[PDB]
>>> print(open('query-v5.cif').read())   # mmCIF, C-alpha atoms and all ligand atoms
data_target
#
loop_
_atom_site.label_atom_id
_atom_site.label_comp_id
_atom_site.auth_asym_id
_atom_site.auth_seq_id
_atom_site.Cartn_x
_atom_site.Cartn_y
_atom_site.Cartn_z
CA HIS A 3 8.82 -17.11 14.82
CA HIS A 4 7.21 -13.67 13.91
CA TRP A 5 5.17 -13.24 10.69
CA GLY A 6 6.75 -12.63 7.28
CA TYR A 7 6.58 -13.85 3.67
CA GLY A 8 8.60 -17.13 3.87
CA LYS A 9 7.18 -20.71 3.47
CA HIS A 10 7.35 -21.03 7.27
CA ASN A 11 5.85 -17.64 8.34
CA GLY A 12 4.02 -16.39 5.18
CA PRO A 13 0.36 -15.45 4.51
CA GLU A 14 -0.92 -19.12 4.90
CA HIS A 15 0.33 -19.07 8.57
CA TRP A 16 -0.96 -15.61 9.64
CA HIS A 17 -4.44 -16.84 10.81
CA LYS A 18 -2.72 -18.72 13.71
CA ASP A 19 -1.67 -15.45 15.46
CA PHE A 20 -4.22 -13.14 13.68
CA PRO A 21 -7.53 -15.07 13.27
CA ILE A 22 -9.15 -12.08 11.49
CA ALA A 23 -7.02 -13.36 8.50
CA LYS A 24 -10.13 -15.52 7.61
CA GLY A 25 -12.62 -12.60 8.24
CA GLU A 26 -15.40 -11.03 6.17
CA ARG A 27 -13.56 -7.97 4.77
CA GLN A 28 -9.96 -9.05 4.11
CA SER A 29 -7.61 -7.44 1.56
CA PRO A 30 -6.34 -7.58 -1.06
CA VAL A 31 -8.92 -8.87 -3.60
CA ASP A 32 -9.17 -9.59 -7.31
CA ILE A 33 -11.06 -6.78 -9.10
CA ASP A 34 -13.33 -8.43 -11.70
CA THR A 35 -13.75 -5.47 -14.15
CA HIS A 36 -17.01 -6.97 -15.61
CA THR A 37 -18.63 -7.34 -12.07
CA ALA A 38 -17.57 -3.91 -10.65
CA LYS A 39 -20.49 -1.45 -11.03
CA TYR A 40 -20.15 2.20 -12.08
CA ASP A 41 -21.54 4.19 -9.12
CA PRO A 42 -22.47 7.70 -10.40
CA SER A 43 -22.90 9.00 -6.78
CA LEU A 44 -19.11 8.60 -6.06
CA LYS A 45 -17.78 12.21 -5.85
CA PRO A 46 -14.52 13.11 -7.62
CA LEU A 47 -11.40 12.15 -5.62
CA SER A 48 -9.40 15.02 -4.01
CA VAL A 49 -5.62 14.30 -3.56
CA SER A 50 -4.11 17.44 -1.93
CA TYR A 51 -0.36 16.72 -1.48
CA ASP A 52 1.09 20.19 -2.30
CA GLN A 53 1.95 20.91 1.45
CA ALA A 54 3.15 17.29 2.13
CA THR A 55 6.07 17.12 4.61
CA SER A 56 8.14 13.88 4.16
CA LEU A 57 10.56 13.20 7.05
CA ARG A 58 12.20 9.77 6.99
CA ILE A 59 12.49 6.49 5.12
CA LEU A 60 12.62 3.24 7.18
CA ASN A 61 13.33 -0.44 6.35
CA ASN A 62 10.89 -2.18 8.75
CA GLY A 63 11.84 -5.79 7.71
CA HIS A 64 8.62 -6.19 5.62
CA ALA A 65 8.89 -3.18 3.22
CA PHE A 66 10.27 0.38 3.35
CA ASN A 67 8.07 3.22 4.54
CA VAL A 68 8.38 6.89 3.58
CA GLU A 69 6.95 8.71 6.64
CA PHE A 70 5.19 12.12 6.63
CA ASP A 71 4.50 14.77 9.31
CA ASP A 72 0.73 14.05 10.03
CA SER A 73 0.58 16.33 13.18
CA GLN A 74 -1.51 18.80 11.00
CA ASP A 75 -3.69 18.67 7.78
CA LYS A 76 -0.85 19.13 5.19
CA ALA A 77 -1.25 16.17 2.80
CA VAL A 78 -4.84 14.89 2.75
CA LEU A 79 -7.18 12.63 0.80
CA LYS A 80 -10.86 13.58 0.57
CA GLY A 81 -13.90 12.96 -1.69
CA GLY A 82 -14.60 9.83 -3.75
CA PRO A 83 -16.14 7.26 -1.33
CA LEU A 84 -14.80 9.10 1.78
CA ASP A 85 -16.57 11.23 4.39
CA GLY A 86 -14.30 13.90 5.93
CA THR A 87 -10.54 14.26 5.84
CA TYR A 88 -7.82 11.56 5.78
CA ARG A 89 -4.21 12.59 6.59
CA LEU A 90 -1.27 10.97 4.75
CA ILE A 91 1.04 9.21 7.30
CA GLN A 92 3.26 6.99 5.06
CA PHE A 93 3.66 5.22 1.77
CA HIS A 94 5.22 1.89 0.93
CA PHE A 95 5.33 -0.71 -1.84
CA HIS A 96 4.82 -4.47 -2.33
CA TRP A 97 6.85 -6.13 -5.10
CA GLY A 98 7.87 -9.44 -6.66
CA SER A 99 11.03 -11.42 -7.40
CA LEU A 100 10.16 -11.04 -11.17
CA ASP A 101 8.01 -8.59 -13.19
CA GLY A 102 5.10 -11.12 -13.51
CA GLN A 103 4.14 -10.85 -9.79
CA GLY A 104 4.32 -8.36 -6.90
CA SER A 105 0.95 -6.54 -6.67
CA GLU A 106 -1.52 -7.36 -3.88
CA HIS A 107 -4.69 -6.40 -5.77
CA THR A 108 -5.18 -8.08 -9.18
CA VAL A 109 -7.28 -6.96 -12.17
CA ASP A 110 -9.08 -9.90 -13.87
CA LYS A 111 -6.43 -12.08 -12.07
CA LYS A 112 -3.61 -9.97 -13.72
CA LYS A 113 -0.67 -9.38 -11.33
CA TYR A 114 1.39 -6.15 -11.69
CA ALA A 115 5.16 -5.96 -10.89
CA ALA A 116 4.48 -3.90 -7.74
CA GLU A 117 1.82 -1.90 -5.86
CA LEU A 118 2.20 1.46 -4.07
CA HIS A 119 0.06 2.08 -0.94
CA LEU A 120 -0.46 5.67 0.25
CA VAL A 121 -1.81 5.29 3.76
CA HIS A 122 -4.20 7.92 5.25
CA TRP A 123 -6.06 8.03 8.58
CA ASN A 124 -9.43 9.63 9.39
CA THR A 125 -8.84 12.86 11.43
CA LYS A 126 -12.27 12.46 13.20
CA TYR A 128 -10.37 9.67 15.36
CA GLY A 129 -7.51 11.97 16.48
CA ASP A 130 -4.57 9.58 15.97
CA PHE A 131 -3.63 6.60 13.78
CA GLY A 132 -3.82 3.97 16.56
CA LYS A 133 -7.43 5.03 17.30
CA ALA A 134 -8.35 5.15 13.58
CA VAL A 135 -7.28 1.48 12.92
CA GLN A 136 -9.93 0.38 15.56
CA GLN A 137 -12.73 1.84 13.32
CA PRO A 138 -14.32 0.40 10.15
CA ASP A 139 -13.85 3.83 8.42
CA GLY A 140 -10.48 4.60 10.09
CA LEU A 141 -8.11 4.41 7.07
CA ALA A 142 -8.08 5.15 3.34
CA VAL A 143 -5.31 3.47 1.33
CA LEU A 144 -4.73 4.73 -2.21
CA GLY A 145 -3.37 1.78 -4.21
CA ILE A 146 -1.40 2.35 -7.45
CA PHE A 147 -0.14 -0.45 -9.69
CA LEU A 148 3.43 -0.43 -11.13
CA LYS A 149 4.31 -1.93 -14.49
CA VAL A 150 7.87 -2.29 -15.88
CA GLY A 151 8.67 -0.01 -18.87
CA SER A 152 9.82 3.64 -18.87
CA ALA A 153 11.41 5.07 -15.68
CA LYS A 154 9.22 7.03 -13.24
CA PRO A 155 11.32 10.19 -12.64
CA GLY A 156 9.40 11.03 -9.41
CA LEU A 157 10.51 7.61 -7.96
CA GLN A 158 14.30 8.02 -8.49
CA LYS A 159 14.97 9.88 -5.16
CA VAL A 160 13.41 6.82 -3.35
CA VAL A 161 15.47 4.32 -5.47
CA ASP A 162 18.76 6.19 -4.78
CA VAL A 163 18.36 6.12 -0.93
CA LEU A 164 17.61 2.32 -0.73
CA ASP A 165 21.39 1.43 -0.54
CA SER A 166 21.46 3.44 2.77
CA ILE A 167 18.53 1.41 4.38
CA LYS A 168 19.43 -2.08 3.08
CA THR A 169 18.62 -3.98 6.31
CA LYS A 170 15.79 -4.13 8.86
CA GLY A 171 15.80 -1.20 11.37
CA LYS A 172 17.89 1.18 9.16
CA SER A 173 16.41 4.67 8.50
CA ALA A 174 17.59 7.81 6.61
CA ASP A 175 16.48 11.46 6.54
CA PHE A 176 14.05 11.81 3.57
CA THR A 177 12.86 15.43 3.57
CA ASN A 178 11.32 17.48 0.71
CA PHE A 179 10.00 14.42 -1.22
CA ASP A 180 6.85 15.22 -3.33
CA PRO A 181 4.48 12.20 -3.53
CA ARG A 182 2.57 13.83 -6.43
CA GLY A 183 5.52 12.48 -8.53
CA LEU A 184 4.17 8.92 -7.96
CA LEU A 185 0.61 9.45 -9.33
CA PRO A 186 -0.69 8.52 -12.78
CA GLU A 187 -2.49 11.05 -15.05
CA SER A 188 -6.01 9.64 -14.32
CA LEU A 189 -7.62 9.34 -10.83
CA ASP A 190 -10.28 6.81 -12.10
CA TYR A 191 -10.59 4.14 -9.38
CA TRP A 192 -12.23 1.11 -7.89
CA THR A 193 -13.32 1.17 -4.23
CA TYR A 194 -14.34 -1.44 -1.67
CA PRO A 195 -14.24 -1.92 2.13
CA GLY A 196 -11.32 -4.09 3.31
CA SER A 197 -8.41 -4.50 5.62
CA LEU A 198 -4.71 -3.98 6.26
CA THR A 199 -2.85 -6.50 4.04
CA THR A 200 -0.25 -7.30 6.76
CA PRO A 201 -0.79 -8.31 10.35
CA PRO A 202 -2.64 -7.26 12.33
CA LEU A 203 -4.99 -7.42 9.27
CA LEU A 204 -7.51 -5.00 10.89
CA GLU A 205 -10.77 -4.42 8.95
CA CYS A 206 -10.42 -0.58 9.01
CA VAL A 207 -9.63 0.36 5.37
CA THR A 208 -11.58 2.02 2.57
CA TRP A 209 -9.56 0.83 -0.43
CA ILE A 210 -9.26 3.16 -3.42
CA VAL A 211 -7.36 1.39 -6.24
CA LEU A 212 -6.39 3.51 -9.30
CA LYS A 213 -7.16 1.93 -12.72
CA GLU A 214 -4.12 3.54 -14.47
CA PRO A 215 -0.77 1.95 -13.45
CA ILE A 216 2.47 3.98 -13.31
CA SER A 217 5.50 2.85 -15.34
CA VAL A 218 8.82 2.21 -13.57
CA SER A 219 12.08 1.00 -15.19
CA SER A 220 13.55 -2.47 -14.77
CA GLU A 221 16.57 -0.73 -13.11
CA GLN A 222 14.27 1.01 -10.55
CA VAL A 223 12.44 -2.19 -9.49
CA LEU A 224 15.78 -4.17 -9.48
CA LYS A 225 16.95 -1.78 -6.69
CA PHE A 226 13.79 -2.59 -4.61
CA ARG A 227 14.85 -6.25 -4.93
CA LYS A 228 18.37 -5.54 -3.51
CA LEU A 229 16.80 -4.65 -0.10
CA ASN A 230 17.04 -7.20 2.77
CA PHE A 231 14.33 -8.54 5.15
CA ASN A 232 17.13 -9.36 7.65
CA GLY A 233 19.01 -7.11 10.09
CA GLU A 234 22.71 -6.14 9.52
CA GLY A 235 25.17 -9.09 9.99
CA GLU A 236 22.31 -11.68 9.83
CA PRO A 237 21.97 -14.13 6.90
CA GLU A 238 21.01 -12.18 3.71
CA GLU A 239 17.38 -12.69 2.61
CA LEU A 240 16.43 -10.50 -0.34
CA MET A 241 13.29 -8.37 0.26
CA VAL A 242 11.16 -9.78 -2.61
CA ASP A 243 7.58 -11.18 -2.83
CA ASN A 244 6.36 -9.15 0.17
CA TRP A 245 2.73 -9.31 -1.16
CA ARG A 246 -0.33 -11.09 0.24
CA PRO A 247 -2.44 -12.94 -2.35
CA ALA A 248 -6.09 -12.14 -3.22
CA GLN A 249 -8.64 -12.94 -0.41
CA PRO A 250 -12.29 -13.96 -0.81
CA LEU A 251 -14.61 -11.04 -1.71
CA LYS A 252 -17.49 -12.54 0.37
CA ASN A 253 -20.46 -10.16 0.83
CA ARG A 254 -18.72 -7.15 -0.80
CA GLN A 255 -19.28 -5.04 -3.93
CA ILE A 256 -16.46 -3.30 -5.79
CA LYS A 257 -17.61 0.13 -7.11
CA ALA A 258 -16.08 1.88 -10.19
CA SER A 259 -15.73 5.71 -10.36
CA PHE A 260 -15.87 5.56 -14.23
CA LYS A 261 -18.07 4.12 -17.08
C1 LIG B 1 -2.26 -4.31 17.17
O1 LIG B 1 -1.87 -2.95 16.93
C2 LIG B 1 -0.99 -2.71 15.91
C3 LIG B 1 -0.07 -3.63 15.43
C4 LIG B 1 0.65 -3.36 14.28
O2 LIG B 1 1.57 -4.23 13.73
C5 LIG B 1 1.77 -5.50 14.36
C6 LIG B 1 0.48 -2.15 13.59
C7 LIG B 1 1.32 -1.79 12.38
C8 LIG B 1 0.61 -1.87 11.06
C9 LIG B 1 0.57 -0.66 10.52
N1 LIG B 1 0.08 -0.14 9.38
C10 LIG B 1 -0.23 -0.70 8.13
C11 LIG B 1 -0.17 -2.02 7.72
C12 LIG B 1 -0.51 -2.37 6.41
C13 LIG B 1 -0.91 -1.38 5.53
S1 LIG B 1 -1.46 -1.79 3.91
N2 LIG B 1 -0.42 -2.80 3.28
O3 LIG B 1 -1.49 -0.56 3.15
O4 LIG B 1 -2.72 -2.46 4.03
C14 LIG B 1 -0.98 -0.06 5.94
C15 LIG B 1 -0.64 0.27 7.23
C16 LIG B 1 1.22 0.30 11.42
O5 LIG B 1 1.39 1.50 11.31
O6 LIG B 1 1.66 -0.37 12.50
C17 LIG B 1 -0.45 -1.23 14.08
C18 LIG B 1 -1.16 -1.48 15.23
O7 LIG B 1 -1.93 -0.55 15.88
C19 LIG B 1 -1.84 0.81 15.43
ZN ZN B 2 0.66 -2.14 1.74
#
>>> encode(input="query-v5.cif", output="structure tokens")
Amino acid sequence: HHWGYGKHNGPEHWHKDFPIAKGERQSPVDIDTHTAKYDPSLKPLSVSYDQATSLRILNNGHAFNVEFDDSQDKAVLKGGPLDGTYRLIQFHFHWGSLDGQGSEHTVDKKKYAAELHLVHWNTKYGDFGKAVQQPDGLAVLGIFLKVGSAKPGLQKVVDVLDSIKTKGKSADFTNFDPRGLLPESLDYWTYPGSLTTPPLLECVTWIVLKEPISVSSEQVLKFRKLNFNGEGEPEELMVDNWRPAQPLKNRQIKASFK
């Protein structure tokens, strides 16, 4: 009876095995655009992905992860709210059964069709497992997806999903350029929060881009053909793998822009 997104093991159950689910800095949150304060002391954001080394794509039963070589500073996030250097280790998405839901963060309670998370760890803790034990251990760059025009930089991901349909399947995924997933603008919102899946650790500086990317209905339909289940188990479509908005509590969301 491990955690997931069903009625019997979904986000309302997680607190039973992971009590930090009801903690003070849980993610995601609703971003109230009229309450978020422009902070003129936020430095520009530095996304330096030109030397990024992608290796593998994995269906982990909750999402699919595109994994990077993080054994050196190759693909890093710096600046904005961050001190020091955060190494890209993986990206993944959360998405819905229909275009009206799927994002984890919301903007004035608006839900996007999906949300991309680019996950980075703070190099001053040496490895990822050490970083997630620290309040400033991770930086996740969150990017909303809306359904419209195709994202060309996403199609190599979409076309490999048939090969990793079920939990525990992986495929070689070299020479993938994550810069193809970014919007034009790096304007963002930032707040301190958590992992959005168990173990829900309160180790994340969230950086959520204001500008969504557009993907096509055909691209997101292929996300929805993935399976949560292992091969030769009953088919459960991988849809609605998003946690809903958590209480903001004693936190302030900061805007990079006026
Ligand atoms: C208790 O120790 C661990 C358990 C554990 O899973 C049960 C894990 C898992 C969780 C991991 N990471 C992760 C989860 C959510 C996000 S999101 N959606 O962007 O907020 C980003 C990263 C990971 O790599 O692995 C990591 C752990 O330690 C490193
Ligand atoms: Zn995520």
>>> residues_near_ligand(input="query-v5.cif", ligand="ligand ZN 2 (chain B)", cutoff="12 Å", atoms="all atoms listed in the file", output="ChimeraX atom specification")
/A:29-30,64-67,92-97,104-107,116-122,142-147,197-201,203,207,209,211,244-247
>>> write_last_selection(input="query-v5.cif", atoms="C-alpha atoms", output="tab-separated table (two decimals), keeping the file's coordinate frame")
chain	number	residue	atom	x	y	z
A	29	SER	CA	-7.61	-7.44	1.56
A	30	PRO	CA	-6.34	-7.58	-1.06
A	64	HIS	CA	8.62	-6.19	5.62
A	65	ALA	CA	8.89	-3.18	3.22
A	66	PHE	CA	10.27	0.38	3.35
A	67	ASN	CA	8.07	3.22	4.54
A	92	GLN	CA	3.26	6.99	5.06
A	93	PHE	CA	3.66	5.22	1.77
A	94	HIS	CA	5.22	1.89	0.93
A	95	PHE	CA	5.33	-0.71	-1.84
A	96	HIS	CA	4.82	-4.47	-2.33
A	97	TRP	CA	6.85	-6.13	-5.10
A	104	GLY	CA	4.32	-8.36	-6.90
A	105	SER	CA	0.95	-6.54	-6.67
A	106	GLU	CA	-1.52	-7.36	-3.88
A	107	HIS	CA	-4.69	-6.40	-5.77
A	116	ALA	CA	4.48	-3.90	-7.74
A	117	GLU	CA	1.82	-1.90	-5.86
A	118	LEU	CA	2.20	1.46	-4.07
A	119	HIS	CA	0.06	2.08	-0.94
A	120	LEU	CA	-0.46	5.67	0.25
A	121	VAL	CA	-1.81	5.29	3.76
A	122	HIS	CA	-4.20	7.92	5.25
A	142	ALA	CA	-8.08	5.15	3.34
A	143	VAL	CA	-5.31	3.47	1.33
A	144	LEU	CA	-4.73	4.73	-2.21
A	145	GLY	CA	-3.37	1.78	-4.21
A	146	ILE	CA	-1.40	2.35	-7.45
A	147	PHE	CA	-0.14	-0.45	-9.69
A	197	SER	CA	-8.41	-4.50	5.62
A	198	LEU	CA	-4.71	-3.98	6.26
A	199	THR	CA	-2.85	-6.50	4.04
A	200	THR	CA	-0.25	-7.30	6.76
A	201	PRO	CA	-0.79	-8.31	10.35
A	203	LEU	CA	-4.99	-7.42	9.27
A	207	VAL	CA	-9.63	0.36	5.37
A	209	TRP	CA	-9.56	0.83	-0.43
A	211	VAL	CA	-7.36	1.39	-6.24
A	244	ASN	CA	6.36	-9.15	0.17
A	245	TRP	CA	2.73	-9.31	-1.16
A	246	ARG	CA	-0.33	-11.09	0.24
A	247	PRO	CA	-2.44	-12.94	-2.35
>>> axis_aligned_box(input="query-v5.cif", around="ligand LIG 1 (chain B)", padding_each_side="3 Å", output="AutoDock Vina command-line options")
--center_x -0.5 --center_y -2.0 --center_z 10.2 --size_x 10.5 --size_y 13.0 --size_z 20.0
>>> closest_residue(input="query-v5.cif", among="A:136, A:177, A:125, A:50", to="residue 69 in chain A", atoms="only C-alpha atoms")
A:177
>>> atom_distance(input="query-v5.cif", atom1="CA of residue 173 in chain A", atom2="CA of residue 59 in chain A")
5.5 Å
>>> atom_distance(input="query-v5.cif", atom1="CA of residue 76 in chain A", atom2="CA of residue 55 in chain A")
7.2 Å
